[PDB]
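Written out below as structure tokens is the structure these notes cover.
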Amino acid sequence: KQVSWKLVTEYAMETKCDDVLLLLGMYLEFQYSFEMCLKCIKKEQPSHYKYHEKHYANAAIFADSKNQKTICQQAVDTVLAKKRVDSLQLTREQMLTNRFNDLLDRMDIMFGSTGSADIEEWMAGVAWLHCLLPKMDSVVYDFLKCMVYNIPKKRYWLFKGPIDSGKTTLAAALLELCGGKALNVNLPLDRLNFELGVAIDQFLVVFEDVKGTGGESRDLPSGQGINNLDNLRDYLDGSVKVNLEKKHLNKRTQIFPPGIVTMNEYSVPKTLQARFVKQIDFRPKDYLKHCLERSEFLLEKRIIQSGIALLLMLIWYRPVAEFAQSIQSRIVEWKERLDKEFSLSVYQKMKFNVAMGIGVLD
Amino acid sequence: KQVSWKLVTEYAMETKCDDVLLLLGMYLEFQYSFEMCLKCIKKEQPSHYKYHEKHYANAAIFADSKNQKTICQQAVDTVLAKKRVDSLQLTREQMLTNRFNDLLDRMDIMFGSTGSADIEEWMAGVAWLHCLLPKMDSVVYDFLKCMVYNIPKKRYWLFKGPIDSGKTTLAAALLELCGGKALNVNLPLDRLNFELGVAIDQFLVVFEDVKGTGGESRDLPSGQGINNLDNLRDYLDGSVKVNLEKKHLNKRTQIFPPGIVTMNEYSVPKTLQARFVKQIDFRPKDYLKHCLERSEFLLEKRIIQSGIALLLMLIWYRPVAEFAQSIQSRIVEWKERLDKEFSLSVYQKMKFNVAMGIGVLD
Amino acid sequence: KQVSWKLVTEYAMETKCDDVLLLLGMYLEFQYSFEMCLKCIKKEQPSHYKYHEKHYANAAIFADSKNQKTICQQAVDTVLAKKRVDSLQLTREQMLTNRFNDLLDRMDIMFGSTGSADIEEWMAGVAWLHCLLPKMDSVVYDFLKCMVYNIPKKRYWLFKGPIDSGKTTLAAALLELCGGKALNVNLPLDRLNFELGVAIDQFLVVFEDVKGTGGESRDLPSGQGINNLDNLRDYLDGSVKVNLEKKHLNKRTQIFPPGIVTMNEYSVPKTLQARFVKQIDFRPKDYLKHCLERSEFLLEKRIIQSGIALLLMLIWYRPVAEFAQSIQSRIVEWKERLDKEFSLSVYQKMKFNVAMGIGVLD
Amino acid sequence: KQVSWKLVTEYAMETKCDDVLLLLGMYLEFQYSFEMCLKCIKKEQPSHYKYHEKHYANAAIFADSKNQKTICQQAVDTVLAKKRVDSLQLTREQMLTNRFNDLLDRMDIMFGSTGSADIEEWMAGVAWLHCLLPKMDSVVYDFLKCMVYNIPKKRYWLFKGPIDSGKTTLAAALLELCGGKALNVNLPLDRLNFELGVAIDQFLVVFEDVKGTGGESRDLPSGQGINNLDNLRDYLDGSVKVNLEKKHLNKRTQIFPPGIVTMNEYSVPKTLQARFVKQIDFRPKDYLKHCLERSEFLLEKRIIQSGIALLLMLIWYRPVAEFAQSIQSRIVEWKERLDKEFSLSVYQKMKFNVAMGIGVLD
Amino acid sequence: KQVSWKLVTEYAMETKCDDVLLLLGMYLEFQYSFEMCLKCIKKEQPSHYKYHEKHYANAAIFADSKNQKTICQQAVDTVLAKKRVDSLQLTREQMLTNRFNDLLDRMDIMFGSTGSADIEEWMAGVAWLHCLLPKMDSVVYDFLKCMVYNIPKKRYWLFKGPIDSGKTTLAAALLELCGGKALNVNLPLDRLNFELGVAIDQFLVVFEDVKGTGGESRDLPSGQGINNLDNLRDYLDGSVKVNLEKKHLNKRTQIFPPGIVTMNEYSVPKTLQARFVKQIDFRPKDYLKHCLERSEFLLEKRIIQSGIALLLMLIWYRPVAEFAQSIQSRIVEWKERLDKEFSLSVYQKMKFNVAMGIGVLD
DNA sequence: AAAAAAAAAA
DNA sequence: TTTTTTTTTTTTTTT
Ligand SMILES: Nc1ncnc2c1ncn2[C@@H]1O[C@H](COP(=O)(O)OP(=O)(O)NP(=O)(O)O)[C@@H](O)[C@H]1O
Ligand SMILES: Nc1ncnc2c1ncn2[C@@H]1O[C@H](COP(=O)(O)OP(=O)(O)NP(=O)(O)O)[C@@H](O)[C@H]1O
Ligand SMILES: Nc1ncnc2c1ncn2[C@@H]1O[C@H](COP(=O)(O)OP(=O)(O)NP(=O)(O)O)[C@@H](O)[C@H]1O
Ligand SMILES: Nc1ncnc2c1ncn2[C@@H]1O[C@H](COP(=O)(O)OP(=O)(O)NP(=O)(O)O)[C@@H](O)[C@H]1O
Ligand SMILES: Nc1ncnc2c1ncn2[C@@H]1O[C@H](COP(=O)(O)OP(=O)(O)NP(=O)(O)O)[C@@H](O)[C@H]1O
Ligand SMILES: [Mg+2]
Ligand SMILES: [Mg+2]
Ligand SMILES: [Mg+2]
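Heads up: the protein sequence lines correspond to chains A, B, C, D and E, in order. According to the UniProt record's numbering, the stretch in the first sequence is residues 266 to 627, in order. According to the UniProt record's numbering, the stretch in the second sequence is residues 266 to 627, in order. According to the UniProt record's numbering, the stretch in the third sequence is residues 266 to 627, in order. According to the UniProt record's numbering, the stretch in the fourth sequence is residues 266 to 627, in order. According to the UniProt record's numbering, the stretch in the fifth sequence is residues 266 to 627, in order.
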């Protein structure tokens with residue numbers, strides 16, 4: 266009998282696997298019998314125990330075949346092909362709704378009876394993260410609105426601020442919440458081709474700590490960063506399609522994703538400042554440092570970096586009327602699940618702990 | 266039963282897919298039965314609902330295929346072969362007619378019964394642009410004739426005037442209607458050689474924001490860009506063939522594309538002045554400034570800077586006999602729509618409001 | 266009869282063979298008859314004599330084959346796929362526990378009765394290593410804990426000090442203890458793209474003897490390494506995923522590993538200093554140099570830079586409760602071996618000999 | 266009948282071809298009828314006449330074959346695979362013992378009755394080389410131990426001195442004796458990567474005539490070589506595994522070979538000097554110049570550059586006990602041959618001839 | 266009936282064709298019937314009419330092939346394989362003797378009845394060349410000896426002298442006589458790798474007009490050549506195998522070819538001067554310029570640049586016994602032909618004519 | 001352009 | 001399953 270390539274493509278789509286070697290490794294683990302399988306008995310990874318019995322028969326034949334990597338390439342290209350169809354067809358609010366919906370599935374396994382997370386720790390993160398900027402919850406709502414409306418020229422946000430000031434923590438959470446990629450532009454411009462190529466079919470890009478000019482008086486080293494961005498004006502404004510190249514593939518023409526530039530106290534050119542909508546001035550808070558020092562779990566579990574933490578903040582602070590209609594049915598359940606867990610009293614006490622630089626949970 | 270590669274090539278040709286994964290992705294959507302598929306029921310995307318019912322039977326056999334990427338590569342290379350044949354063998358009248366009737370297809374999508382756009386805003390965009398210059402439709406129509414005839418020396422147009430005079434808006438609108446790209450001759454003469462390579466196989470080029478030399482006596486930032494351009498005599502004149510150098514690729518010979526120079530009120534050396542057939546003095550108009558602050562939706566959906574807005578202006582103002590004989594039958598239909606949806610009093614009232622600095626569309 | 270590709274994949278898996286030429290070379294040694302093989306008779310290498318008798322039948326058919334490198338590539342792909350599955354599925358503590366089990370297997374062979382190694386020479390290395398830094402067992406345990414707790418921005422350690430101070434020595438031992446790659450950032454920034462790709466799925470990276478600027482008056486040659494490390498700040502932070510590259514494979518997107526920077530008294534930017542949670546100042550001790558001159562086996566057998574020396578140090582100094590549950594079984598066995606072989610009296614004489622700068626075995 | 270791919274691989278293994286075109290070329294010579302063949306009648310090249318009679322039947326079928334370069338590729342990859350297995354599995358003294366067996370096999374051809382070479386001329390080369398440095402045979406043995414022990418940081422020797430001092434002469438001899446590659450690090454840092462990949466799986470490297478800076482006070486032109494080496498001090502240490510790159514292949518992680526740096530009286534950094542365990546100061550000797558111009562056969566036959574001359578120096582000067590057990594049998598036999606053909610009176614007169622500047626054979 | 270790949274390989278080997286497209290083109294024009302072939306009737310190119318009548322049958326089948334470049338690639342790789350075998354296994358005197366035979370074959374064609382050359386014009390070249398430099402035939406014979414012997418560091422010659430002194434005239438003639446290529450070391454140093462890769466498997470190189478610095482006080486342009494050449498000391502030495510690089514190909518290890526350096530009167534560093542054996546001072550001679558102005562056929566037919574003019578000079582002036590014994594047979598019949606057509610008094614009149622700037626043939 | 005890695009033919 | 005044909009990148013160029 267012969268390997269069904271469709272079952273492998275179905276598994277790859279079901280688990281959304283776009284790495285050929287991960288797909289090979291995952292599928293090969295199905296060749297052992299399910300009735301004696303320790304991974305299915307422990308229920309470690311859902312990407313195994315859901316699929317093993319279904320794919321066992323195909324995986325035994327797959328394990329004997331001579332072109333295993335060809336089978337996996339096609340399945341991976343099917344997943345990359347669906348992403349390109351979705352990227353070119355879907356309305357941009359449906360992109361964010363699909364990303365929210367994926368986070369909400371991922372949340373339900375995190376905090377479930379088979380879970381391994383404490384909502385009180387993650388809500389202590391929400392409280393800490395809301396302290397970082399004045400009216401952070403409203404600021405995240407009009408950031409999300411900005412990225413959905415994607416108005417040409419008026420597409421990008423600038424996060425300036427000192428060393429250890431929280432711009433990479435917020436940008437990392439917004440990156441996870443909106444579902445983007447982080448890009449490095451401090452390299453020479455002709456290495457930048459394939460790196461800009463990673464923005465292909467993504468929703469946000471974050472340009473992480475772009476280095477400027479004139480920083481030497483402040484011990485801030487100079488680099489190619491600002492000069493690359495100020496050449497890439499064709500990409501930031503989105504007025505036209507620019508062409509993104511990636512291996513084994515034709516160069517996609519697309520309007521480059523919107524997003525976030527994160528920057529230290531470099532001077533920014535007048536030509537470049539014209540293309541950022543809003544500048545958030547991050548600055549270090551004395552109390553927040555002591556709060557984390559007395560609350561190690563925030564950093565160890567990466568709570569303050571997480572889009573799940575910012576999503577929990579949007580459950581708490583914004584009306585249900587703001588969410589997409591197909592997901593409102595999930596949002597109102599998670600509303601009552603936070604209402605049934607945190608009183609406004611405990612939240613205000615733990616937020617006050619942050620403001621005092623006391624341990625948030627005290 | 267066999268997969269017909271001819272049917273995939275036929276879908277690719279009708280849809281004009283350059284991209285292997287986009288073609289792979291969309292063709293795999295047809296594998297599901299048309300009897301109940303929601304994308305056909307909803308009729309959201311024409312690239313699916315028009316084609317699924319005839320490609321279903323081939324898509325079922327394609328979805329089982331082991332060759333899938335190879336099939337799509339041949340189908341893509343057929344569409345690229347068609348482009349290279351047309352690029353060498355079409356006349357410029359046909360090249361513009363193909364971009365026009367492509368835009369008429371986009372208009373038929375935007376303003377259809379399943380539409381997503383309202384013509385009242387677009388006609389307000391027409392009225393705004395039309396007020397920007399005296400006899401704007403003649404300016405646009407005569408520019409199109411220049412680009413279509415590509416007459417040596419009578420080949421480039423100069424846009425100059427104060428800061429925020431609209432020069433770059435009209436250049437951006439003309440770029441989409443004709444097809445073309447923006448070039449930056451302000452560069453040092455070293456980098457200019459790779460910058461000019463952008464012009465290969467473009468129908469049109471715009472020189473953006475030429476920073477002239479002598480004008481800083483009235484605080485125009487001094488630059489070399491005008492004297493760089495003055496040296497490029499054979500690129501402007503379009504008599505002889507020039508050698509154009511994309512970085513990492515070997516030099517192509519062609520007649521350099523026609524174009525627009527967008528400039529501030531700098532002094533021009535007389536031999537560079539002789540190479541522009543028309544100089545248009547853009548000037549800032551207070552009532553246009555007030556109207557933009559009041560009709561502000563035009564800037565958000567970017568109607569003001571689109572080729573379809575200029576094509577709507579040509580359909581409104583110009584007689585059908587000026588359009589290419591094969592597109593005339595579609596211009597007939599679009600004139601009747603634009604008349605029946607807008608009595609002249611409505612457009613006149615809009616143009617009056619714009620002239621009065623009143624943003625309301627009435 | 267035909268070659269079993271499955272058996273080659275089993276050999277590659279059991280040998281954990283990443284290299285196609287190493288797999289080809291080793292499997293071809295099995296084509297000879299095991300009844301007379303000198304390497305089975307002599308038991309020189311375990312990757313031969315454990316496996317030859319099983320694989321002889323298959324290897325004789327493989328030796329006639331025309332596919333040979335294709336067979337080995339699929340087997341190597343299976344080993345790499347297992348590494349990517351484990352990388353994404355396993356906890357970082359289980360990764361470290363698996364590495365310690367690997368070293369204990371190797372220690373059991375190495376210090377067996379067949380073993381070539383003398384435990385008294387290796388504990389003399391543990392004595393020398395413990396004299397390098399104050400509280401080195403605490404420093405080693407703190408480092409392991411820091412690499413397992415992949416805490417964002419608190420990920421990297423800086424080793425600073427003069428020539429022959431012990432930075433590379435300890436880094437090379439920690440590199441073998443945890444598993445990882447040494448990267449050279451002193452080379453120019455364009456081909457640095459493929460160096461950083463060597464960190465794909467690794468547990469640590471060590472940035473080795475990176476070169477700064479200034480300090481030429483101290484007779485330190487300047488170089489790019491620190492400026493290159495002040496780029497790539499997002500690789501050091503690990504708050505965000507970064508895109509890593511192998512030839513002909515597509516980009517892999519992951520959090521870049523934690524680890525160590527070693528440098529020779531250059532001026533670190535404050536931007537880069539903020540990425541390092543600990544700076545260890547290494548300091549030349551003449552008694553350690555004189556000890557090595559009189560206990561040369563430490564250098565010749567590479568004892569003082571081996572991960573097995575640091576593991577023996579942790580087995581000596583740390584309580585069993587600090588090791589993971591799986592390996593505690595094996596570590597009580599190694600503790601009772603060391604306490605049988607060494608009383609504390611032999612070891613305290615070794616440390617006295619090291620502090621005296623005489624031969625450690627005197 | 267079909268071509269045996271095995272016999273081509275067996276030839277490649279016996280003749281040790283790294284090169285696909287050399288293997289193809291050699292094997293196609295075996296097409297022609299063995300009985301008549303002029304190369305076997307002359308016995309000109311041993312890689313022909315030892316193998317043609319055996320391979321003729323296979324080579325006739327190979328010459329009709331349609332995939333010849335594919336056959337030779339697998340044969341070459343088998344030879345490269347054995348070379349990688351040997352590099353990882355052999356002790357470093359076994360490696361040198363193998364190389365000595367290969368040189369002794371070449372000496373058995375050179376000085377047998379078929380051989381083109383006169384040992385009287387080669388022993389006059391031993392006489393000339395022994396006069397170059399004090400206690401040269403001790404220096405050669407000390408170098409061989411250093412390369413065999415491969416002690417971290419104690420691995421590189423520096424050869425230093427003026428024009429025509431003898432550095433490249435002794436470096437080329439030691440390179441042939443031990444086996445290895447010479448590298449030009451004077452070429453710029455961006456081409457340097459593929460140069461260093463020539464050291465993959467080699468026993469020595471020689472960094473030939475590297476250029477420093479600040480030599481114009483001596484008319485020594487400055488260059489990049491010493492600054493390039495100091496960027497590679499990670500590679501000279503040999504504590505950690507460096508990642509080596511040859512075109513299209515992914516990086517191989519190995520310990521960089523031990524070796525020699527030869528340089529002409531430039532100043533060397535302290536950081537780089539710490540990587541050199543011994544510095545040999547070469548002084549030019551007037552009598553060696555006058556000896557060579559009257560002993561021209563030494564330069565024409567490349568005798569003083571040869572590893573066979575250094576091996577004859579070790580056979581003459583070193584005790585039998587210093588050679589590896591396996592070759593002591595052959596070394597005893599070669600000692601008896603040299604004592605038979607050379608009295609000590611002939612040899613000590615040769616050294617007297619060298620010191621007087623007389624022709625060695627007078 | 267099938268295409269014989271063997272007959273295509275015979276044709277390639279008999280033509281010595283190593284260009285795949287040239288082989289494809291040459292073999293395809295055999296597909297037309299021999300009996301009416303206009304190229305055979307006109308005897309235009311010898312590579313056709315000799316081979317067409319035997320290859321027609323196979324070329325007809327080759328025309329219907331689907332794999333034509335695959336066939337040609339194997340035939341080209343066979344010719345490259347023979348060149349590489351001959352490169353490693355021929356003695357250099359045989360290599361030169363092969364080249365002289367190839368030149369004598371060209372001479373037979375040029376001066377035979379089907380030819381197009383008059384020996385009196387070519388012997389006027391010999392007279393002109395012998396007047397260029399004192400004892401010119403000894404100089405050429407000494408150069409041939411130098412290139413055949415290839416003595417390390419005693420194997421490059423320096424041609425030095427002012428503008429228009431004969432340097433490139435003689436160097437080009439010597440380069441056609443011996444075979445080899447010219448190199449332009451004046452490039453920027455990063456392009457230099459692919460210049461030097463031109464020397465792979467070559468017999469000579471000529472470094473053409475290397476430019477130094479500090480000739481500007483004598484109106485010589487400065488350049489990078491001499492400094493680049495001093496980075497390549499180990500290439501000029503020829504003691505060690507250097508690593509040579511063609512584009513997209515891995516590094517060949519070989520001893521770099523011996524050769525000539527040609528330069529204007531720049532000052533040479535002693536490190537580079539020590540690599541040259543003989544410096545030949547070329548001077549402008551009034552009588553050679555006046556003579557060429559009258560005897561223009563020497564320039565117009567490229568006679569004085571040609572190795573065939575130098576080979577005739579060796580046939581005239583040198584004893585038969587200096588030629589390798591294989592070619593002595595052809596050299597004696599060429600001496601007899603030259604003694605026939607030239608009296609010594611005709612040649613002495615030519616030398617006397619050129620000594621006075623009268624036309625050689627007057 | 002040439003090779004290394006990958007896919008189609010019979 | 002045996003054997004031959006195909007895609008694609010890297011490299012190079014660029015900085
Ligand atoms: N505003 C803040 N005040 C005090 N501590 C903070 C603040 N924001 C973040 N932190 C701490 O700083 C660490 C790093 O935050 P991060 O987002 O990387 O700062 P940053 O502004 O990006 N620094 P940099 O990347 O160097 O410009 C976090 O892990 C917190 O421990
Ligand atoms: N006539 C106008 N007067 C004032 N503002 C205008 C006018 N036309 C467009 N704008 C606004 O200015 C921007 C577009 O003008 P733009 O085309 O860039 O002018 P320009 O002549 O290119 N300016 P500059 O780049 O300074 O030479 C948008 O924000 C418009 O809302
Ligand atoms: N603290 C120490 N005191 C004295 N000798 C030492 C010390 N540490 C190491 N050594 C010796 O120095 C050699 C190299 O140590 P290593 O760790 O490479 O130094 P380092 O700090 O990296 N110096 P460098 O790499 O040149 O900046 C070892 O092989 C020992 O012989
Ligand atoms: N010690 C010596 N005294 C005199 N002549 C020597 C000596 N050593 C070598 N030679 C001669 O010099 C030639 C080149 O020797 P070589 O080893 O290349 O010199 P070197 O030290 O490398 N000089 P350089 O490479 O220019 O810095 C040999 O072929 C001998 O003819
Ligand atoms: N010795 C000579 N005296 C006078 N004229 C000569 C001499 N040799 C050559 N010529 C003429 O000069 C031309 C150029 O000779 P060529 O050998 O190319 O000169 P060169 O020295 O190589 N030039 P350059 O490389 O620029 O310094 C020849 O074609 C002759 O016409
Ligand atoms: Mg170090
Ligand atoms: Mg030298
Ligand atoms: Mg010249």
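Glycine residues also receive a C-beta, built at the ideal position from the N, C-alpha and C atoms.
Residue i beta carbon near ligand 5 (any heavy atom closer than 7 Å)
| i | result |
| --- | --- |
| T518/C | no |
Any non-hydrogen atom of ligand 7 within 7 Å of residue i CB
| i | result |
| --- | --- |
| residue 633/D | Here chain D covers residues 266 to 627 and nothing more, so residue 633/D does not appear. |
| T478/C | no |
| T379/C | no |
Residue i, enclosing alpha helix (DSSP H) - first and last residue
| i | result |
| --- | --- |
| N366/A | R357 to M375 |
heavy atom of ligand 8 below 7 Å from residue i C-beta
| i | result |
| --- | --- |
| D474/E | yes |
Reduced DSSP secondary structure (H/G/I, E/B, other) of residue i
| i | result |
| --- | --- |
| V505/E | coil |
| residue 234/B | Nothing about residue 234/B can be reported from this structure: the residues present for chain B run from 266 to 627 only. |
Between the region 417 to 450 of chain A and chain B, which residues of the former have CB atoms less than 8 Å from a CB of the latter, in chain order? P417
Give me the subset of the region 325 to 351 of chain D whose CB atoms are less than 8 Å from a CB atom of chain E, sorted by chain position. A328, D329, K331, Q333 and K334
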